[PDB]
Amino acid sequence: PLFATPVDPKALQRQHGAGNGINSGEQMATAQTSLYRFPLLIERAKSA
Amino acid sequence: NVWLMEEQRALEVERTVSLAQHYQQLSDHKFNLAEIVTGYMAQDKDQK
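Sequence lines, in order, name chains A and B. When we follow PDB author numbering, the leftmost residue of the first sequence carries the number 1500, and every step to the right adds one. When we follow PDB author numbering, the leftmost residue of the second sequence carries the number 1838, and every step to the right adds one.
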């Protein structure tokens, strides 16, 4: 009699973490004023 | 940030209110200060 044999079992396929999509660029506000001069504002902003 | 945004410029006022207003004080109980303390230099433990 004839013989039977399965041919070419299919390997699986590659996935990736496509949870990264488009970025929505967030805008920036506007600071109004401050009565302090520039060096004290830099001395605070650098620590912040 | 609350301190650096919302700190405001002071509006200074120098006011000189001497005690020449006890003569003006309330117009029902008024007195001259130097005369009454001259009265209080003797005859201790009184009150006006």
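Note that beta-carbon positions come from the ideal geometry of N, C-alpha and C, so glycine has one too.
Next on the checklist: Is there a Cβ of chain A sitting closer than 8 Å to that of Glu1849 of chain B, yes or no?
Outcome noted: no
Next on the checklist: Taking 8 Å as the threshold (beta carbon to beta carbon), is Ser1533 of chain A in contact with chain B?
Outcome noted: yes
Checklist entry - Taking the continuous alpha helix (DSSP H) assigned at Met1842 of chain B, which residues delimit it? => result 1839-1842
Checklist entry - Whose Cβ in chain A lies nearer than 8 Å to the Cβ of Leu1841 of chain B? => result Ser1533, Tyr1535, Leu1540, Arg1543
Checklist entry - Does any residue of chain A bring its CB to less than 8 Å from the CB of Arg1852 of chain B? => result no
Next on the checklist: Tell me the DSSP secondary structure of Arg1536 of chain A in three-state form.
Outcome noted: coil
Item to check | Under 9 Å by beta carbon: chain A residues contacting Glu1844 of chain B | outcome: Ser1533, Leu1534, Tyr1535
Checklist entry - Between the C-alpha atoms of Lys1867 of chain B and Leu1848 of chain B, what's the straight-line distance to the nearest angstrom? => result 34 Å
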